[PDB]
Amino acid sequence: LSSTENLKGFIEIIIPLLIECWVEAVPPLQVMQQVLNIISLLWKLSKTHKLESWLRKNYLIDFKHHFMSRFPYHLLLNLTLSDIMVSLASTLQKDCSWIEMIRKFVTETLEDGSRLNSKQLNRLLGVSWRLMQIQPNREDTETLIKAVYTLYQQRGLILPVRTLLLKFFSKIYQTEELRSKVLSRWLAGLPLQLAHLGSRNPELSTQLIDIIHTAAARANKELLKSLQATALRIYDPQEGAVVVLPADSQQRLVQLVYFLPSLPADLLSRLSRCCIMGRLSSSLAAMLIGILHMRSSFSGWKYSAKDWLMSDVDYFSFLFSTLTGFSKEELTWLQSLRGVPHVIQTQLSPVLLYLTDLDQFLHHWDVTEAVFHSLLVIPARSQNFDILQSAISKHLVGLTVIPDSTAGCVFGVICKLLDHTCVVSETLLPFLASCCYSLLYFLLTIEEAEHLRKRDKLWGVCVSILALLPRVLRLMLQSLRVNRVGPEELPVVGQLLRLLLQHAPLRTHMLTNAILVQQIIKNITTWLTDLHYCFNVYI
Amino acid sequence: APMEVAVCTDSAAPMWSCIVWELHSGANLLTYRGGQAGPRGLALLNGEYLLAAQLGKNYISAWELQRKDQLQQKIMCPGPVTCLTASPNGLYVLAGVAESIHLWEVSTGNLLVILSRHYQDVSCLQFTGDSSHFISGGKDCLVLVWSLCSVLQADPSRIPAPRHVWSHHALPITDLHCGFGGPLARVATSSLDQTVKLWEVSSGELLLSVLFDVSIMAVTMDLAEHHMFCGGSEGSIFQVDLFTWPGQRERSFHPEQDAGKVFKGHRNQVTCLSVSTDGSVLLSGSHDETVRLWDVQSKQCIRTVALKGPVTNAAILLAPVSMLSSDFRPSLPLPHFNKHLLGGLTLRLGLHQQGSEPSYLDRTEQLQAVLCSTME
């Protein structure tokens, strides 16, 4: 039967004979059923329009009445008959009778199907799909959708059946582009399932996020409500659905933030805490900031009041809390500890510097470029600079120990947002001077094998902030008393002075305060030979 | 030699609203006074009327090309107008209201159809370079390819459907560029997900999926499809080379070279791009209140014309006879554009034979034949 004609030549030969056997079957129990099987066998063997229409128009008379079986008469006997009968375009009006009773039969078996195996259940699902396809009227399909949903909601089903049902539904949703209450009620229960399915079934979660994204792309109002309700749980730093899934399904679930209706303070904070830490990759940290900027109030568009809910203050809080990213609890605990071979101590600057591992510093320096760009576009630079200064004077100046990442990031923000109209406050300068001196001491005294690559960036930041603002340099030079400093720090201050002398841009703001340079030098005597000669530099 | 202009508009409009300045001289040619324009909301109609949308408000202004003042005709729509586009021939004016795709007719002035398939706003609207297909895309991550034949002669009870449904993006669309041709053209849709895809309008298949680093907000292509200048959300104007063709379908920019294929000099988004005719100067708007010309062959700036406020619309045209002449009274007045859904064509005859006059030799031969016939 390999050839089309050989199969076709066989077609007219056998089937009339099984009809003869069909009459002989009923005027055991297999007889008719095996006749039912081989027909579908060869029908499937067909898979064409002309041949299928030929079979239709030639065997309608037999199939209408002679091929009927005992519907009441474990169910495959009627299932195969229904399959072939449906398998027999635009003939619904001439066939509505058996279409209706076959729909009744399929609904009846769908309603009470619990012990059914996977194969004939898949066959029945395909039969129902073909039934709804051949009858594209919503009212008729509502009852079938309700039956299949009640099957979906039964108290405990095996995983393959659940996957097949979800695939069929997906293939019943991802075709609307080509608003049933029963269809939309199952959609609302998807975010809860996604939140509960943490890491057990990554593939099912991928299917769930795909269908959720597709539905949210159409503003299905019965889904966005549940999405907003469960946004707290699904977006969680410690454990949730953004950090535990593989790198693939955590891209769609961060791109989904655009379609989220409302972003209050709670969600914004627990989403900043998701992107500050090392749980989320640095590559997928600029995307989140870009989305939050495009959903902000300074993008350039205006839309519904409920969305675009970046009400200025919350946006600035998020931006600051990701610029100086560290939670309050861990920062306070870090403040609690005092005395480790990990924190640089200085008796001249009353600010210590907690040291961070290289990976954390690299992530916090690769995530801060997006913050720089987002805070650079803001119109009326004076107002946002004032907001940043208020945030610094509220959360940072009172701190005793600051991380080696914030000490560079805040300096970068200050040196990148500075312009003519910007004015630095008077209660902030001592903190900057102390932090700058502590940073310089840290750069000078670098004696593990890991904390050496984070040197050029810090030196560049320090020299830039020193050059841009001369008042911090004057304050640091003034706060360079040597009477209290012991002999242990005697060479490091001289080395710092020599290095500051060597660098060229820190000259015009430096030679103005020349008396303090010599005053420290004489007190040092009461490595030094190079410093004495180095006052006059290429002149 | 031809003359190339550069129409520019600003979103603040203190004094002017649409300044037209010469490309290689920088001098003004025509200015216009009226309400603020709208993003993707400028379209010259038949080379005579400069229709423009309105920012936020729901209506469309209309300036005669040789007139500094607004006309008293205002196209009105039942909702906030988002984008506008006039067909290249000039017969049809097509605009997008919220999610609808309201379509007009310039000749009679009727409102033929109101198509409606997008699930959210429509934020880009382009016409294929022969006015046979028009591509529409919106904030629902969908790009549809309609057809001017099927959506015009469809029954009132047939609810016309798009020819192609392109759904591959995961974020709202931002810009399109339908090249020359017709049923053989190519589209260059770009979304917010950091991708720029080049589709085919004949069969409806993907061809390219370049993935950038920052969100793309504007795409333009050379008229012969040699370069694909994709804008950025940070200022850079990335450039893809379609004739080198490494040989795959899903490329990535960093493996596709860098620092020698990126225009730089902008400090904010670039929601405007257009390449000149010969393909040697590129005009790009921005949100940092600057419209500057580039030097695509050498990736250098030429001039940095600075507008006021964000730049909404900016493009390079081939100056018609309208702007060169000084009076050019329009051939036909703009009709009364209806706002409700529905023979009587209004047109000037004797235009299908313009220039088909007898030649000198033909008239001389006819005269000689008449003389010879009279002699006999």
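Shown for chain B, in order and in Swiss-Prot numbering: 3-344, 355-388.
Cβ coordinates are placed from backbone N, Cα and C, and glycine is handled just like the others.
So that you can see what the record holds, here are the features copied from Swiss-Prot:
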- B:36-75: repeat 'WD 1' (REPEAT)
- B:78-116: repeat 'WD 2' (REPEAT)
- B:119-158: repeat 'WD 3' (REPEAT)
- B:170-211: repeat 'WD 4' (REPEAT)
- B:213-257: repeat 'WD 5' (REPEAT)
- B:267-306: repeat 'WD 6' (REPEAT)
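Through the fold, the repeat 'WD 3' (B:119-158) approaches residues 42, 84-91, 93-94, 96-98, 100-103, 105, 164-169, 171-185, 187, 189, 191, 193, 201, 203, 206 of its own chain, all at least 6 residues removed from its boundaries and within a Cβ separation under 8 Å. Mapped onto DSSP helix, strand and coil, the repeat 'WD 6' (B:267-306) counts 0 helix, 11 strand, 29 coil. Long-range contacts of the repeat 'WD 5' (B:213-257) within its own chain (CB-CB distance under 8 A, at least 6 residues past either end) are made by residues 173, 176-179, 181-182, 188, 190-198, 200, 263-277, 279, 281, 284, 286, 288, 290, 296, 298. Here the repeat 'WD 6' (B:267-306) has Cβ contacts under 8 Å with residues 4, 6, 8, 10, 12, 25, 28, 41, 176-177, 219-226, 228-229, 231, 233-239, 241, 312-318, 320 of the same chain, all six or more residues outside its ends. Secondary structure of the repeat 'WD 3' (B:119-158), assigned with DSSP and counted as helix (H, G, I), strand (E, B) and coil, comes to 0 helix, 14 strand, 26 coil. As a summary of secondary structure, the repeat 'WD 4' (B:170-211) carries 0 helix, 17 strand, 25 coil according to DSSP. Secondary structure of the repeat 'WD 2' (B:78-116), assigned with DSSP and counted as helix (H, G, I), strand (E, B) and coil, comes to 0 helix, 18 strand, 21 coil.
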